[PDB]
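Only one chain is given next, in structure tokens, and it is the form deposited in one PDB entry.
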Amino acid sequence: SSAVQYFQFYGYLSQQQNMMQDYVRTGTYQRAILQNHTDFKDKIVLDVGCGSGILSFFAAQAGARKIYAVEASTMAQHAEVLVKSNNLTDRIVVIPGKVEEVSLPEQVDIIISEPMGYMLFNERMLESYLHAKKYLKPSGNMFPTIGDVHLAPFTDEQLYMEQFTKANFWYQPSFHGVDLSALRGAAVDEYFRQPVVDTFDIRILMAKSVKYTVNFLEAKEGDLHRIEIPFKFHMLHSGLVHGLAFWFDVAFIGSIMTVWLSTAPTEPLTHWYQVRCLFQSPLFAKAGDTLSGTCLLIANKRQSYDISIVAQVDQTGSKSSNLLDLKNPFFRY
């Protein structure tokens, strides 16, 4: 049912336009494909979830002999219009349907896609990307090739305090003759369980990031159902740790060069922004302390993830945790 809502959403030209207006996303994919044009020239390509078809056009710009553009939403009909209007019906073949269900007439040299969501994994499309390797020749490549999830402890009492302010409605002991205040705790708890999608000043980061790498050439679809990221941070700053900040990079590892698409808060902003998950209660750390714990991502039936975080300051034993739902993010930007 969540899957019906997902494909309906991506069938709108307005949504495809929104994503295509991210100039870092467009420019980095085009650079990755075209700087590596020798990897595409005279090759067979699969574009998984082609949307508008623009990655298939970039593969054609690089001289690919045949591109299969697979799309499950009504967007497949719009991609076919662009293939005809750009005079590329000899080299781009649009296949309507799910990459899990369609028939390709041949194996491919390289798979291209944009399957990344918030915190890399949101919307679970990387599972369809990995599934598509059933069509990849043993010698074949995938663009993107690897994904790096970064997480770092942050300090931000303004974000922490806002969770209480947003619930101010429920604090009212006398609203049209009703005491609402018994729900203040539940309302604040609900806000704390929303991952925060926005950007921030890099100075809120209190330690160098921990990196978790997924190699898309090696990973199996089932690997992404449960993602466990242990961490030990070497604290560089003293203050309250309010939670963990997340971002991701992908690398396109070509024969000619490796091209990175970074969503780090040190890099130009993208439509992925960054994601912050609060602890239920902040932890005091001094520079030189270690903050250890685990971030566990469990895939759910709403095409998203439940996020379990636990952290302790090793030197004091101070600990906190949270359980968040990436289906219900707070868009704070």
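Heads up: residue numbers just count along the shown sequence, starting at 1. Superpose the two forms; the largest set of C-alphas matching within 1.5 Å is the rigid core.
Keep in mind that the form deposited in another entry is missing from the display, and what follows is about it.
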Kindly specify the one residue in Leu180, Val197, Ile227, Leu136 whose Cα moves by 2 Å or more between this form and the one not shown, with superposition done on the rigid core.
-> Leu180
Taking the rigid core as reference, does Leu240 move its C-alpha 2 Å or further between this form and the one not shown?
-> no
Tell me, please, whether between this form and the one not shown the C-alpha of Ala167 is shifted by 2 Å or more, with the rigid core used for superposition.
-> yes
